[PDB]
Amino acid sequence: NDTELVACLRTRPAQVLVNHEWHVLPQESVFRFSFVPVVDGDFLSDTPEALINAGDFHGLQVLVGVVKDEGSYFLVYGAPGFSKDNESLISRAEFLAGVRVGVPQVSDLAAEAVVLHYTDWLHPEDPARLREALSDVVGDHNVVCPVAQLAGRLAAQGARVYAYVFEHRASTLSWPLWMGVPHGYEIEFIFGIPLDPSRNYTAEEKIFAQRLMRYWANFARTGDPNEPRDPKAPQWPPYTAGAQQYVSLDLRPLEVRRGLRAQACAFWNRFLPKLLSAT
């Protein structure tokens, strides 16, 4: 019956499989995709979270980072009352609904906990706060805190780890202003696209991309993004699990900041899975 099944799928034309693809999702959601790597015991011996803290990471150099507004892009694909064509000034009613779709497959009590931490209890009805709040929920749950977990665990088992936050909005960006620096919009700069004369980037963005291309290939060359010996600029300190240092990739020079959304990921990485496994 198992081989009987796949044989029938192999006779279906490719586009019909693509048509029904999003239907197999369990519970309506955002930032969730039907067909992803499976923890089979072959390619992945165990869940990634298990593999991550009993791993072979000493001697490995890792460069990790996030954009300033990780969540915005995904809200227009499922969150109630969102669009690139208005301000997305949602109601509290819409905010609540969006939590259950931003954090799907989670108990009623767990969702109360998300609302507890991301609501502003002086201004629980304010649409602009609710908008950026739901952005942070989706951004922290899916990107920032999983990255922050990975960094410190690698660091703790002997990886040399460097961490950035990319917070520059391309003047070319077609997405509306309330999305900030959306998911995926550091790429153009890492690849030097500003250098293309066909494109309309600033002169001052051209120097930015050259500085990022320098960091990335300094890393590929040497495992250290830092300009070797160069003391004119601030140093980019490696991320440790104690001091938790990262840099801002900005049109300004390197600002070295401590703590990679610490209070949020305490909830996402430690308290929430306790709540989940006790209710």
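One-based numbering along the sequence shown.
When the two stretches 154-162 and 91-99 are set side by side, the higher mean Cα temperature factor goes to 91-99. In this entry, the higher average B-factor at the C-alpha atoms falls on 222-230, of the pair 222-230 and 238-246. Per the deposited record, 251 carries the highest C-alpha B-factor of all listed residues (63, 251, 38, 51).
Within the selection 144, 113, 170, 138, the deposited Cα B-factor values reach their highest point at 170. Annotation for residue 206: CA B-factor lies in the highest third of the chain's modelled residues. In this PDB entry, residue 29 carries a Cα temperature factor that places it within the middle third of its chain's modelled residues. Sort the chain's modelled residues by C-alpha temperature factor and residue 174 lands in the highest third, per the entry. Residue 122 sits in the highest third of its chain by CA B factor, as recorded in the PDB entry. Residue 129: CA B factor in the middle third of modelled residues in this chain (values from the PDB entry).
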